[PDB]
Amino acid sequence: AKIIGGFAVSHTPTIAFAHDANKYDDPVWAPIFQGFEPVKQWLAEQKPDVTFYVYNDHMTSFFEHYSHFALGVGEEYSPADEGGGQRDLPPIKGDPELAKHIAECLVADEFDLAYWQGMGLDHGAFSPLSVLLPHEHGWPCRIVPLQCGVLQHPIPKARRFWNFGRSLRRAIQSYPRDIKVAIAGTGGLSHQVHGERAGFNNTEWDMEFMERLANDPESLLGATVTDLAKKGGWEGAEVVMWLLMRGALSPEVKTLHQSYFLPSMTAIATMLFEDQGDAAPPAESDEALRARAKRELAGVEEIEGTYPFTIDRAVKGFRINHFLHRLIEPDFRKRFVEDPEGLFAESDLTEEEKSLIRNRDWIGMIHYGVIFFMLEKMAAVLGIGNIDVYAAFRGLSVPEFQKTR
Amino acid sequence: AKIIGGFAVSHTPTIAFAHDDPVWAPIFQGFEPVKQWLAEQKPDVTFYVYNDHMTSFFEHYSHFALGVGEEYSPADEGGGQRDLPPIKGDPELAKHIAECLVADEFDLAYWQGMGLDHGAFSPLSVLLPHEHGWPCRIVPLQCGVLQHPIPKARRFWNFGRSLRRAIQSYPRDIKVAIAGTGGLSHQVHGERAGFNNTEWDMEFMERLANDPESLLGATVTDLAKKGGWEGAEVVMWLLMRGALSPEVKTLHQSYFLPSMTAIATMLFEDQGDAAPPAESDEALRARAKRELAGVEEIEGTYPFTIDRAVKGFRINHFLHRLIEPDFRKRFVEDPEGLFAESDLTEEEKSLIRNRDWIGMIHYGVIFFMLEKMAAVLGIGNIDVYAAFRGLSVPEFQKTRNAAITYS
Ligand SMILES: O=C(O)c1cc(O)c(O)c(O)c1
Ligand SMILES: [Fe+3]
Ligand SMILES: [Fe+3]
């Protein structure tokens with residue numbers, strides 16, 4: 001319920017790479033690292049429970065299917081493979097509950113989202129994180145990653161990133177739980193990493209954009225992709241994610257820190273923002289917001305024989321829904337039947353999940369949090385005609401249940 | 001550029017799974033009184049609104065996933081690759097619709113090369129002659145109706161409201177049909193599994209056609225209670241109705257409830273426009289192009305727009321698999337055997353084989369696929385940059401404040 005502040009930081013893989021090579025001591029990289037030191041410190045003192053983390057994936061985990069606002073709702077995240085292997089970093093915990101709360105308020109505010117789990121985080125996330133948080137086995141905090149689809153145009157408008165940040169603030173604030181949340185906007189600043197114009201930077205624009213972001217962010221909201229990429233480089237236009245983190249903060253903020261270094265392709269920059277509360281008590285109340293947020297599933301509880309597939313359910317059921325979803329592959333539905341206890345043994349399903357499938361436990365799996373269309377897959381794959389399932393749901397068997405027409 | 005009108009139709013899987021009989025015979029040709037209209041009007045494209053049933057959209061799942069690619073094969077739903085011919089898509093129209101939508105502040109998703117499940121194909125091989133190919137091209141709007149929160153009914157409606165005039169402003173004078181696939185009242189889960197309700201179905205069908213704005217307050221509860229949980233997907237129907245005239249003509253209307261799902265059907269015929277729209281079709285086209293207007297004035301810069309992604313897809317998809325240690329190992333060891341197995345045209349092979357960095361960018365490869373390719377080959381980003389600038393690596397490193405290297 002408590003937004004403590006927000007920070008902005010580049011997510012260049014060079015950060016990740018200078019870190020892993022331990023060039024902390026090296027003449028080029030050394031002062032760039034003390035650039036992060038105030039944010040690193042501020043994070044270790046404030047000790048937020050969760051960092052709501054805004055980044056973009058770089059056609060690693062997001063390519064053939066590519067969304068604008070992709071809220072990670074899973075309980076855990078590992079480093080992606082970007083063609084060199086995963087980096088040596090412990091997985092970092094998610095926060096499905098808060099993700100669920102945010103998901104709800106954001107849809108109430110007519111933002112069309114996407115939800116995702118299981119998939120790695122590429123340099124977009126773990127590059128500056130590996131440097132801002134100690135991780136020699138556990139990350140100090142949890143994350144709710146929002147990956148943004150900023151590479152494939154048309155992408156959302158600048159004003160739309162800002163307005164997302166705005167609703168985002170009040171969702172986070174209205175979360176009825178006593179936690180500290182930090183907000184990160186990552187990417188930028190100036191840089192262009194493709195075509196004959198590769199190499200482009202613009203320190204003048206970088207410094208203008210940051211002071212405006214800090215002290216007059218509504219002034220940026222009219223900026224087109226063309227504006228932002230003419231001043232900032234094509235890939236520099238990803239700084240709209242900075243606009244979103246800024247939109248999640250108090251109108252006025254205390255800029256505790258700013259740093260800037262431009263050794264190579266990327267203007268490596270860092271801002272820390274201290275949140276300053278709400279001046280006036282806001283136009284919708286915390287409780288009215290919580291109301292309007294689950295207004296769509298208000299009363300849904302009193303419809304029994306009904307297990308709505310919401311995010312908590314989806315997370316609870318993620319392992320088994322994913323295993324049963326893998327039936328659409330040929331060599332998986334084929335050993336689903338030729339070697340179940342071999343497919344089971346190499347799985348990461350709990351024993352309870354194996355036996356639920358084993359028993360052909362139809363309403364058991366629905367109860368557990370298995371979505372039916374995964375069963376619809378299982379029944380067809382095991383040859384079991386679909387309305388054997390609908391019968392076992394209600395208690396009846398095929399012939400007695402059949403009676404309705 | 002002109003919408004001929006929409007058809008609502010259940011995308012029940014048993015319409016197809018078995019079918020391709022005295023009980024189905026009445027619905028079966030309760031289907032052709034919209035089939036007629038598909039054959040005599042012959043729309044150039046059909047904007048098809050359905051939902052994937054956790055086949056193609058699952059681990060990463062979105063609310064309005066616009067299909068932007070050129071061909072769509074049937075999705076293997078576990079019951080194997082259903083024998084149907086690859087239907088064509090419409091990237092040019094898909095691109096244009098995205099721009100109007102994003103300008104009207106609808107957050108989208110884009111996708112390519114993934115199968116359509118029964119939600120599309122099952123009722124398609126039933127409304128459309130699919131002999132050797134399909135009469136029209138398709139723009140598939142895959143909706144995300146299974147995992148709450150999901151967009152409001154209001155939101156579904158307004159999408160269709162934007163969708164309509166996004167299609168009206170498409171500068172090509174072609175004709176577009178609008179499929180509002182889905183429904184009706186059923187429930188295929190829980191022990192409510194078998195719930196139906198037709199004193200609702202009928203009132204829903206009647207109000208959808210003549211007073212649709214009275215459906216813009218139905219919560220999921222109000223919906224799932226009146227129609228079953230999975231029945232609540234009919235907000236998709238509202239989206240489709242969104243894209244048509246405020247006043248319409250019920251050319252047809254089927255119904256008959258066999259097993260689980262109320263198999264309905266509602267042929268609409270678009271009338272004119274109520275009054276001339278508030279924004280002009282030129283003014284819309286301008287506003288949809290405003291974000292990137294003048295981007296061609298930026299030199300050495302190749303925006304990765306939807307057309308570029310479609311153009312670059314095979315080679316971008318192929319380069320993407322470098323993230324798998326098995327693929328990327330063959331890539332290094334026996335590249336030609338990978339090439340031969342691939343579906344890469346002969347120039348796409350050569351671009352990659354020649355390490356032609358600048359060519360790949362010109363062609364449509366997005367940089368971050370090259371960034372991987374560099375790493376796979378144990379060379380770095382700098383080399384790629386230098387190659388773009390047509391400079392040696394030390395001469396390019398000179399243009400930077402410091403000289404670092406990385407992967
Ligand atoms: O070469 C770089 O500095 C660079 C590479 C990236 O892939 C990237 O996202 C970035 O922000 C910077
Ligand atoms: Fe990025
Ligand atoms: Fe459906």
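Chain letters run A, B, ... following the sequence lines, proteins first, then strands; residues in each count from 1. Every number for a ligand or one of its atoms is a count from 1 in the order of the listing. Keep in mind that the numbers below use all heavy atoms, side chains included, and drop hydrogens, waters and symmetry copies.
Note that CD of B:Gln187 and OG1 of A:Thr306 are 4.5 Å apart. Values are rounded to the nearest 0.5 Å.
Taking the side chain to side chain contact (heavy atoms under 4.5 Å, CB included) definition, one finds that B:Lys152 meets it with A:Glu110, A:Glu296, B:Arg154, B:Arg155, sequence neighbours left out.
Within the structure, salt bridge (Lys or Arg N to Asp or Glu O under 4.0 Å) contacts touching residues 393-407 of chain B (residues at least two apart or in different chains) are B:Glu395-B:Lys398.
The distance cut-off of 2.8 Å around the Fe ion (ligand 2) captures these protein N, O or S atoms, sorted by chain and number: A:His11 NE2, A:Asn56 ND2, A:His58 NE2, A:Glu238 OE1.
Under a 3.5 Å cut-off, the side chain of A:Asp122 and the backbone N or O of A:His58 do form a donor-acceptor pair. Between the side chain of A:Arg87 and the backbone N or O of A:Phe126 there is at least one donor-acceptor pair closer than 3.5 Å. Remark: the backbone N or O of B:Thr12 is paired with a side-chain donor or acceptor of B:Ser122 at under 3.5 angstrom. One N or O on the side chain of B:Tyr61 and one on the backbone of B:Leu146 form a donor-acceptor pair closer than 3.5 Å. Proximity of a side-chain donor or acceptor of B:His63 to a complementary backbone N or O of B:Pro149 within less than 3.5 Å is detected.
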Contact table, ligand 1 N/O with protein N/O, distance under 3.5 Å:
unit_1, atom_1, unit_2, atom_2, d
ligand 1, 1 (O), B:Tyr385, OH, 2.7
ligand 1, 1 (O), B:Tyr406, OH, 2.5
ligand 1, 3 (O), A:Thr266, OG1, 2.5
ligand 1, 3 (O), B:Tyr406, OH, 3.4
ligand 1, 7 (O), A:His123, NE2, 3.4
ligand 1, 7 (O), B:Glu371, OE1, 3.3
ligand 1, 7 (O), B:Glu371, OE2, 2.5
ligand 1, 9 (O), A:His58, NE2, 3.3
ligand 1, 9 (O), A:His123, NE2, 3.2

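Defined by atom type and a distance below 3.5 Å, a donor-acceptor pair is present between the side-chain atoms of B:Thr198 and B:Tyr255.
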